[PDB]
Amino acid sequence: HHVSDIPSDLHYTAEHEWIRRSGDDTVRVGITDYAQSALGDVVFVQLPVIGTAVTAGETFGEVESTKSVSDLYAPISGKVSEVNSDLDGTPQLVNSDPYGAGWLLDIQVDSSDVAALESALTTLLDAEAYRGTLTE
């Protein structure tokens, strides 16, 4: 049994997404090591369109192995500002590198339209709290 990687520098949701603050107004989002391992080899990733306004907790996609499908949720409100085009051809990046090249999308927040990031991040789990949720 491998112990799943949970980078200390990320935030998480209980539903096994990670959130990296990539800029003042941007988070990058993927699924955790635990999630990718549980799902199985990702054969498909449905991500939302760049520009899509998302609200926290909203289903905006799905990640799919041959055995399993899992909804992807917006961990924060904002707008999808990037999606990882690599996953079209190489979806198993999610499995091989869940926190790196396997990232799914970015959500950009404007303070104006949605919660400032500082605040948005307060709904999210830290690495330790995420680990705490896991039955691994």
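Counting begins at 1, following the sequence as shown.
> I need to verify one thing: averaged over C-alpha atoms only, is the B-factor higher for 52-60 or for 33-41?
For C-alpha atoms only, the mean B-factor is higher in 52-60.
> If you average the CA temperature factors as listed in the entry, which stretch comes out higher, 109-117 or 16-24?
Higher mean C-alpha B-factor: 109-117.
> Report the option among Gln46, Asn84, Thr90, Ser77 whose CA atom has the maximum B-factor in the deposited record.
Among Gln46, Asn84, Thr90, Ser77, the highest C-alpha B-factor in the entry belongs to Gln46.
> Taking the C-alpha B-factors as the PDB entry records them, is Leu134 in the lowest, middle or highest third of its chain?
Top third by C-alpha B-factor.
> Determine, from the deposited record, the chain-internal third of the Cα B-factor for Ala101: lowest, middle or highest.
Its C-alpha B-factor, which the entry lists for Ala101, ranks in the lowest third among residues of this chain.
> By the recorded C-alpha temperature factor, relative to the other modelled residues in its chain, which third is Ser70 in?
Ranked within chain, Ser70 CA B lands in the highest tercile.
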